[PDB]
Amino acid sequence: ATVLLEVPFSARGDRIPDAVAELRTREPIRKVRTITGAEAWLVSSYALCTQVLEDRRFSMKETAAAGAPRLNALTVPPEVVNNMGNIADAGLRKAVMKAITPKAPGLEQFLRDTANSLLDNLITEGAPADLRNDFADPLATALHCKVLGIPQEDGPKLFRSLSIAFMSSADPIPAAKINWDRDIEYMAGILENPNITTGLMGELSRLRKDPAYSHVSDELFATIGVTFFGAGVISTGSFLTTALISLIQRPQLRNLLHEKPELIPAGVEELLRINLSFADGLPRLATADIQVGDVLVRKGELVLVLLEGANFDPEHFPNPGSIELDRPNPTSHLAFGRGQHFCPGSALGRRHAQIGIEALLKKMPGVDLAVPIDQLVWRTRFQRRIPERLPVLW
């Protein structure tokens, strides 16, 4: 005898476990146990994944209900699991979206300049360099301080909350509350700071004083700042880092994108498709009894949407493990989710990767890992898959 299959299978972000393809072929929805001891339904085919994500009766918000089967412990207040809902209800969705587009004036040039500066600093210091801690993460942090309108010097201290805030823990985390409360107090100060007049925080600070938003809570405005900084920085930093590993281990691609950088957007889209950055399925709570494949999911049950299950499905993406720049369905992957909760930062995330990769390939065309790949240390019990260091030479 053995215990029910447990998730996640592996914290390694450089290879997909063979088990995923066996699950998808034999039982594309099947029961698993999460780190809390709860049972869940693990969905691993493209067809089923999309079904769940496009059916709002599979609820994000209700994942936070008391007594529900849980993937992990909350690290935020329960109302924040409905953060986009709350933003929408307060009439802030359009404003938020306008603030976090990469099309803002000078923002792409800021990204380019910062990428180049970080890489020049590595080149000056000499190999080996750490491309996570000294490239991808500072580039993500700088980008988000600019997007928010907050001082660049405040980036590092906000960033130091993230190794805890994005944990995927069986139990509540005392440090996550200490850092949340501190970060909310910082964003509440920024809304009262007259020097802050640009970016998402400058726009929220104006809307706060506009009569049409007078009944929006000060808690919501501060929470938008904290959440969009942390979600953006973790997601862009982790995605770039793991895409950089995928590129380093494909020199033929690395060399084609060096030689024809116009193919960088198509390459980033494929890097998005194969990316293993999300460590867990996306959770949803069934709010009705709903047939999914061969399983009738019951009201109150937890469903986990495995992005890599969808994104490696050979029925949808033939030769799924290959990076193919000419696919007919290139953006139809689920790297940014699907449906009501589709990533609001998708365009920003794509541009951060594109510019980071362009900059790196121009400055370090001979980039390679400086350790054998098996020596990378994968962060455990986290909402992302990430190596703790990414040592490279060039």
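When you see a residue number, it is the position in the sequence shown, counting from 1.
For the two regions 294 to 302 and 150 to 158, the entry's Cα B-factors average higher over 150 to 158. For the pair 21 to 29 and 379 to 387, the mean Cα B-factor is higher in 21 to 29. Take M187, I173, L271, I248 and read off each C-alpha B-factor from the entry; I248 has the highest. Considering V233, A243, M84, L307 together, the PDB entry gives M84 the largest C-alpha B factor.
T287 sits in the middle third of its chain by CA B factor, as recorded in the PDB entry. Sort the modelled residues of the chain by CA B factor and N133 lands in the middle third.
Among all modelled residues in its chain, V96 ranks in the highest third by Cα B-factor. Looking at the C-alpha B-factors along this chain, the one for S346 belongs to the middle third. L42 sits in the lowest third of its chain by CA B factor, as recorded in the PDB entry.
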